[PDB]
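Here you get one chain, nothing else, as structure tokens; it is the form deposited in one PDB entry.
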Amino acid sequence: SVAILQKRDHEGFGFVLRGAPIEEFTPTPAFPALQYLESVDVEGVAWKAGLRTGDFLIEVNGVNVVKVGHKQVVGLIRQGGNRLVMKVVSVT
């Protein structure tokens, strides 16, 4: 799916990112991407946009991140400022 987030300058998006040798990695239908959402504050910015714990990250602001490191994805979220667009799959 796809989520669209808009926040104030002095809040966050209300989610935590986790992920990991990132050259022979291999997507599966159980572990599709390197990065996934560890927690989504309930009734938070990301939540209200329909983001949930367990969502894996395919795209961030137009860039594909299936085999992209962690520091690089967090950099994409930062560059967007108060706007963020992500493509996620829910392994649920």
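The first residue of the shown sequence is 1; numbering continues from there.
From this point on, the text means the form solved in complex with a partner chain, which you will not see here.
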May I ask whether 16, 70 and 77 each come within 4.5 Å of the partner chain in the entry with it bound, counting any non-hydrogen atom? yes
Though only this chain appears here, would residue 38 touch the partner chain in the entry with it bound if you measure heavy atom gaps against 4.5 Å? yes
Touches the partner chain in the entry with it bound: residue 22 (any heavy atom, 4.5 Å): no
